[PDB]
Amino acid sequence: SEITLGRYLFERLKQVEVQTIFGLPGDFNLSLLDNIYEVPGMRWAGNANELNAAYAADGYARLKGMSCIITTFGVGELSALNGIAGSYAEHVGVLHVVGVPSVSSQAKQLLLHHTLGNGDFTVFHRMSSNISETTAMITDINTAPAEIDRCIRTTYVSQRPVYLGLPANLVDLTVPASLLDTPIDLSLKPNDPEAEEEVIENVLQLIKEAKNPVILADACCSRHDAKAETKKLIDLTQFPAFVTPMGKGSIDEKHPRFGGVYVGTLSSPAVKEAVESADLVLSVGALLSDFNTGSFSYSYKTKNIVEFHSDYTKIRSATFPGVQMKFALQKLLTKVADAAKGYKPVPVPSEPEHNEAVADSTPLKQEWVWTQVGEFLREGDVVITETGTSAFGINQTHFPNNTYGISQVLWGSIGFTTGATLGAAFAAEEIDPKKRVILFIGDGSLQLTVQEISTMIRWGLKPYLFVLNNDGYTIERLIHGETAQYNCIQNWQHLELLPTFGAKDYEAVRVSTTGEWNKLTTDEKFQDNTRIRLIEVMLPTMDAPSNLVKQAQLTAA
C-alpha cells in the first residue's frame, strides 16, 4: 500500500495545516507538482516570480505556523534567496523545496543540466545552507521519509527556513503510505530542571530588587506561541507592557497595563521615558537589541535585561542554553506574583484613541491617517505595513484585540509586503473567510513586487491594498538626498493595476481628503471583505508620521 515520495511530502504538509504551496514550476519539479492535485486540501498558488513567492511563503507561515515554497534548480532557488534571508532573520518557518536533476549514475544527469559551468553542482545548496536552520538533499529512498519529516519538524519547531533538495528521480519512487499514520513529532524537549530552576530564581530575585520594571514583547513572542504566557506575566505583575514594532499584536492592546510600542529613538516622549528609565526589562522573544536602521536606533539604558528566547534565556550577560521560552515562562508564572508583591502600579502612556473632527475637505496627512485607521480595524484583522513611512506610522495605531501585525522591520526588504499580503490572504481564507487582510504600502515599494497582485486576482482573494502615493521614496528622502534622482520613481496609474492584471470583480478608488477617507471606510459595504480593493491614498511629497520628522532636524546636521 504505497505512494510516491512526491505524494508523501504533500500529505505531510497537509497534516501540519499547510494547504497552499508557493513557487514557480521549472525543468525539475514538474512531476512533483503533479502530486499536489492528488491531495484533497492542497493547491498551487502559481506565483508571478520566485522572490514574491518567498515573500508570500513568509507571510503564510506567520499566520499558519509554517509554509512551503518550491523552486527549480538554479534559476529558481537563487531568485528566492533574499526572501529566505529575511525569513531566516525574522525567524519564520519557510520550508524551501528545490527540485534538482537525477542523482543518476556518475551524476551524469546532474552534471549536464548544470549550466553554471564550474562543474560543482552543490553550489546552490551550499549557498542556501548559510541562511537555513538545516538542509537536506535526498539521495536515498529508504531514509527519505524520515529526512522529510525532520526537515518539516525543524521548520515548525525552530521557526527558521530549511532547504530540502528532491532529485527528480526520487519524487517518483515510492514508500509505504502506512508511514503517514504516525504524525510528525513537533513536541519540544522539556527543559533542563537544573538550568530552568536556576534561571527562574535569578529572574525572581531581579524582580524583587527592581523599583521600576517594564515588560516588552517582540517577534518570537507570537512566533513561538507565548501570547497567553506573556499576557499572564503582565496580569500577575501588573508591570507596564510594551511591544516592539515587529511583535505588534503580541499583546492585546486593550489591556490597561499596555503602554504602546517602543521604537527606540522614534518612540513618543512618554514611551521613550517609560522604557528608558526602566531598571529591569523583561524581553519576551527578543529579536536582538542595540541595533540600528538609517532612520532609528533601538536599545535600552539599563543592563538589567532578561531576554526569553525559544532556544535559551539571557540575564545580563549570562546565557542559559536549552531553557525554552514557553516552559520557562509557564514555570515563572507560579512564583512571579509573589516576587512582584511590592510593585506600585504607576499609570502608563496612551496615544489618542481618536482624531478631533475637521472639515471634510481637509487634506490627508500621515499623522492623521495613522490614527483614523484605529477606527477601521476590527478584531481578527491582519495588518501589514511596508518598511517606509508606513512601518513607523502604524506604531501609533490602536489595534483591536486578536490583531496580527506583519512589519519586516529588521531585514527591511522593500516590496516584501506585496508577497506577504498574498500569503497572509491565503492563510486567512483557510483559517476564517471573514478575516480581513489590510496592507499599507508606499507607491515606491510597490514597484519591486507589483505583479504578485495578479496572483491575488487569480484566486479571488479579497485583501485591501492601501497605496500611499507621496511621489517617491519619501523616508530615504528624510535622512539623505531630499531631491536626488535616485529617490524619484515613475508615476503609475494605481487605479488601473487590478484591471490590467485581469481583475473582473474589484474596486479601485482614490482618497485625498479627510472626508473622502471617512466616506470610504465607514461604508458598511466596503468594511466587509467582499472583493479585492485598492485605495490610492494621496499624501504630500515630504510627509511622514510626527516622531520621524522629529529626527529630520534633531539628529541630522
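One rule holds for the numbers: they count along the sequence shown, beginning at 1.
In at least a third of the other entries we lined up, does residue 291 end up with no coordinates?
Other entries vs residue 291: at least a third skip it.
Quick check on residue 254: across the other compared entries (only those modelling residues on both sides), is it unmodelled in a third or more?
No.
Would 264-272 or 291-299 have the larger average of its C-alpha temperature factors, as given in the entry?
Averaged over C-alpha atoms, the B-factors run higher in 291-299.
Quick one: higher average CA temperature factor, 389-397 or 453-461?
Averaging CA B-factors over each stretch, the winner is 389-397.
Per the entry's Cα B factor values, which of 114, 378, 125, 314 stands out as the maximum?
Of 114, 378, 125, 314, 114 has the highest C-alpha B-factor.
Check the PDB entry and point out which of 91, 96, 150, 326 has the largest C-alpha temperature factor.
It is 326.
What third of the chain, by the recorded C-alpha B-factor, contains residue 334?
Highest third.
Lowest, middle or highest third: where is residue 15 by C-alpha B factor in its chain?
CA B-factor rank for residue 15: middle third.
By the record's CA B-factor, is residue 213 among the lowest, middle or highest third of residues in the chain?
Its C-alpha B-factor, which the entry lists for residue 213, ranks in the middle third among residues of this chain.
By the recorded C-alpha temperature factor, relative to the other modelled residues in its chain, which third is residue 508 in?
Lowest third of the chain for residue 508's C-alpha B-factor.
Ranking the modelled residues of this chain by C-alpha B-factor as given in the entry, is residue 473 in the lowest, middle or highest third?
Residue 473: CA B-factor falls in the highest third of its chain.
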